[PDB]
Participant: 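Have a look at this one.
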Amino acid sequence: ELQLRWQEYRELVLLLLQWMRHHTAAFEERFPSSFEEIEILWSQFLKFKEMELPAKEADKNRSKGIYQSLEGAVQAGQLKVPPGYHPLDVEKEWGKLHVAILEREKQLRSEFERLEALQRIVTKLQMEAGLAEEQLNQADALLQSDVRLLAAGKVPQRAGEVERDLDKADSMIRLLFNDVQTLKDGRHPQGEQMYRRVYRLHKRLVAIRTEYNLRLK
């Protein structure tokens, strides 16, 4: 009777408290490197929020109902409620879980927006890298045509222009290294790979500027 409902109430609240703490700690704990990863985390989150949580909410509210029938024995002292087992303590922990759930949902949308931002930067960097490349190609092509004029004992015509082209590629390569550092800061998983590619264009730049300094300056 009383011993029954007391038993049922304690069994229930014990499992509820274990579950809430378990899930509260799991939320304290997981940053995605890709959309593939964030999609799984989000799915897992929604599965929890929409499938597991309401069942536990039912148990919580059922435990409250069971306790109200025990309240006469509790007040009178026949039953002592262990610390942390009162409907007040269940609600406290339920509240902390609820807060952790909202924070996690906000962190997951914030992570999705970071991933979108990183993608913008990756597109921009790839577009700029093509232009920096073309700029090094145009600088190198002018240089060889001047060198070719320096074969036929003729004077260079585009020295001024080669200088400008190199100063442009330099400016663009510097924008590229800053995009790369923005990727790295954002922990894009290939940040490092992209650094090496930009470092390569920089190497090309130094090679072309050295040749230019040797031949035309």
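One-based numbering along the sequence shown.
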Participant: Sequence neighbours excluded and cut-off under 3.5 Å, please list the side-chain donor-acceptor pairs for residues 195-202, or say none.
Facilitator:
| unit_1 | atom_1 | unit_2 | atom_2 | d |
| --- | --- | --- | --- | --- |
| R197 | NH2 | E133 | OE1 | 3.4 |

Participant: Working to the nearest 0.5 angstrom, can you tell me the gap between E211 CD and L166 CG?
Facilitator: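 With rounding to 0.5 Å, CD (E211) is 11.0 Å from CG (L166).
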Participant: Apply side-chain contact (heavy atoms from CB on, under 4.5 Å) to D59 and list each qualifying residue two or more places apart in sequence or on a separate chain.
Facilitator: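 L12, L16, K56, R62.
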Participant: Walk me through it: do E37 and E39 pass the test side-chain contact (heavy atoms from CB on, under 4.5 Å)?
Facilitator: CA-CA 5 Å; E37 297 180 24; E39 294 157 8; over 6 Å; no
Participant: How would you list, by chain and number, every residue that makes a side chain to side chain donor-acceptor pair (under 3.5 Å) with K64, sequence neighbours excluded?
Facilitator: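 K64: side chain to side chain donor-acceptor pair (under 3.5 Å) contacts with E91.
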Participant: Considering all heavy atoms of both residues, which atom of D170 and which atom of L205 are nearest to each other, and what is their separation?
Facilitator: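 Taking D170 first and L205 second, the nearest heavy atoms are CA-CD2, 3.6 Å.
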Participant: Could you tell me the separation between the CG atom of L118 and the NZ atom of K184, rounded to the nearest 0.5 Å?
Facilitator: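 Going from CG on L118 over to NZ on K184, the span is 14.0 Å.
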Participant: Go through the steps to decide whether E105 and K49 satisfy the test side-chain contact (heavy atoms from CB on, under 4.5 Å), and finish with yes or no.
Facilitator: CA-CA 10 Å; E105 190 171 337; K49 179 181 192 199; 2.8 Å; yes
Participant: State, to 0.1 Å, how close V13 and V90 come at their nearest heavy-atom pair, and which atoms those are.
Facilitator: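 Minimum heavy-atom separation between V13 and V90: CG1-CG2, 3.7 Å.
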Participant: Report the residues that fulfil side chain to side chain donor-acceptor pair (under 3.5 Å) with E52, sequence neighbours left out, ordered by chain and then residue number.
Facilitator: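 Testing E52 for side chain to side chain donor-acceptor pair (under 3.5 Å), a comparison that skips the adjacent residues, returns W19.
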Participant: Are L46 and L108 connected in the hydrophobic side-chain network, where two residues link if heavy atoms are under 4.5 Å apart?
Facilitator: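 Linked, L46 and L108 end up in one cluster.
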Participant: Going by heavy atoms in the side chains, are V180 and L176 under 4.5 Å from each other?
Facilitator: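 A side-chain contact is absent here, since even the closest heavy-atom pair is not under 4.5 Å.
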Participant: Count the heavy atoms of every other residue, nucleotide or ligand shown that sit under 6.0 Å from CD of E36, and state whether that count exceeds 12.
Facilitator: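 Not buried by this count: 12 neighbours or fewer within 6.0 Å.
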Participant: More than 12 foreign heavy atoms under 6.0 Å from NZ of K96: is that the case here?
Facilitator: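 Open: at most 12 neighbouring heavy atoms sit under 6.0 Å from NZ of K96.
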Participant: Are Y67 and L14 connected in a single hydrophobic cluster, I mean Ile/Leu/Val/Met/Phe/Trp/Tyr linked by side-chain heavy atoms less than 4.5 Å apart?
Facilitator: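 They do share one cluster, since a chain of ILVMFWY contacts under 4.5 Å joins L14 to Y67.
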Participant: Same hydrophobic cluster for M20 and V99, using side-chain heavy-atom links shorter than 4.5 Å among ILVMFWY?
Facilitator: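 Not linked; separate clusters.
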Participant: With sequence neighbours left out, what residues match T210 under side chain to side chain donor-acceptor pair (under 3.5 Å)?
Facilitator: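 Per chain and number, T210 pairs via side chain to side chain donor-acceptor pair (under 3.5 Å) with no residue.
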Participant: Closest heavy-atom contact between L216 and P156?
Facilitator: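 Taking every non-hydrogen atom into account, CD2-CB, 3.8 Å.
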Participant: When rounded to the nearest 0.5 angstrom, what is the spacing between CD in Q193 and NE2 in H188?
Facilitator: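 The NE2 atom of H188 is 9.0 Å from CD of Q193, to the nearest 0.5 Å.
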Participant: Hey, is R109 close enough to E113 for a salt bridge, meaning N to O under 4.0 Å?
Facilitator: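 No, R109 and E113 are not salt-bridged.
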Participant: Give the intermediate values and the outcome of side-chain contact (heavy atoms from CB on, under 4.5 Å) for residues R204 and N137.
Facilitator: CA-CA 10 Å; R204 242 195 118 196; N137 296 343; 2.8 Å; yes
Participant: For the residue pair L136 and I208, what are the closest heavy atoms and their distance?
Facilitator: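 Distance-wise, the nearest heavy atoms are O-CD1, 3.6 Å.
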Participant: Enumerate, atom names and distances included, each donor-acceptor pair closer than 3.5 Å involving a side-chain atom of residues 141-155, sequence neighbours excluded.
Facilitator:
| unit_1 | atom_1 | unit_2 | atom_2 | d |
| --- | --- | --- | --- | --- |
| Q144 | NE2 | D140 | OD1 | 2.7 |
| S145 | OG | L142 | O | 2.8 |
| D146 | OD1 | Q157 | N | 3.1 |
| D146 | OD2 | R158 | N | 3.4 |
| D146 | OD2 | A159 | N | 3.4 |

Participant: Could you tell me if the side chain of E161 sits less than 4.5 Å from the side chain of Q138, heavy atoms only?
Facilitator: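 Contact flag for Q138/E161 side chains = no.
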Participant: Please find the pair of heavy atoms, one from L115 and one from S34, that lie closest to each other, and give the distance.
Facilitator: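 Distance-wise, the nearest heavy atoms are CD1-O, 3.7 Å.
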Participant: Sort and list the pairs that fulfil side-chain hydrogen bond (donor to acceptor under 3.5 Å, both in side chains) and have at least one residue in residues 71-88, not counting sequence neighbours.
Facilitator: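 Non-adjacent pairs meeting side-chain hydrogen bond (donor to acceptor under 3.5 Å, both in side chains): zero.
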Participant: Does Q3 offer a backbone N or O that forms a donor-acceptor pair with the side chain of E1 under 3.5 Å?
Facilitator: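 Yes: the side chain of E1 pairs with the backbone of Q3.
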Participant: Counting only pairs under 3.5 Å, give me each side-chain donor-acceptor contact of residues 122-132, with atom names and distances, residues two or more places apart or in other chains.
Facilitator:
| unit_1 | atom_1 | unit_2 | atom_2 | d |
| --- | --- | --- | --- | --- |
| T123 | OG1 | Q119 | O | 3.1 |
| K124 | NZ | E128 | OE2 | 3.3 |

Participant: Are the side chains of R21 and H23 in touch, meaning some heavy atoms are under 4.5 Å apart?
Facilitator: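 No. Closest side-chain heavy atoms not under 4.5 Å.
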Participant: Within this structure, what is the CD-CD1 distance for the pair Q181 and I121, rounded to the nearest 0.5 Å?
Facilitator: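 So the gap between those two atoms works out to 12.0 Å.
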Participant: Under a 4.5 Å side-chain heavy-atom rule over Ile, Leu, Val, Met, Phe, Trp and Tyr, are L175 and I173 clustered together?
Facilitator: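 Different clusters.
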Participant: Say you draw a straight line from OG1 of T182 to CZ of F177; how long is it, rounded to the nearest 0.5 Å?
Facilitator: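 The OG1 atom of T182 sits 13.5 Å away from the CZ atom of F177.
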Participant: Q135: which residues meet the side chain to side chain donor-acceptor pair (under 3.5 Å) condition with it, sequence neighbours left out?
Facilitator: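 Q135: side chain to side chain donor-acceptor pair (under 3.5 Å) contacts with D165, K168.
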Participant: Please lay out, stage by stage, how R104 and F45 fare under the test side-chain contact (heavy atoms from CB on, under 4.5 Å).
Facilitator: CA-CA 8 Å; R104 157 105 286 208; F45 178 70; 3.5 Å; yes
Participant: Ignoring hydrogens, what is the shortest heavy-atom contact between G84 and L17? Give both atom names and the distance.
Facilitator: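 That closest heavy-atom pairing would be O-CD1, 3.5 Å.
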Participant: Enumerate the side-chain hydrogen bond (donor to acceptor under 3.5 Å, both in side chains) contacts for residues 4-18, please, sequence neighbours excluded, ordered by first and then second residue.
Facilitator: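 Passing the test, one end in residues 4-18: no pairs.
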Participant: Apply ring pair (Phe, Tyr, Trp, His ring centres under 6.0 Å) to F112 and list each qualifying residue two or more places apart in sequence or on a separate chain.
Facilitator: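 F112 satisfies ring pair (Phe, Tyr, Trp, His ring centres under 6.0 Å) with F35 once adjacent residues are dropped.
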Participant: Taking ring pair (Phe, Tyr, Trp, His ring centres under 6.0 Å) as the test, write out the residues that go with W94, two or more places apart.
Facilitator: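 Ring pair (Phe, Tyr, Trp, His ring centres under 6.0 Å) list for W94, sorted by chain: empty.
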Participant: Answer yes when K60 and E57 have at least one side-chain N-carboxylate O distance shorter than 4.0 Å, and no when they do not.
Facilitator: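 No, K60 and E57 are not salt-bridged.
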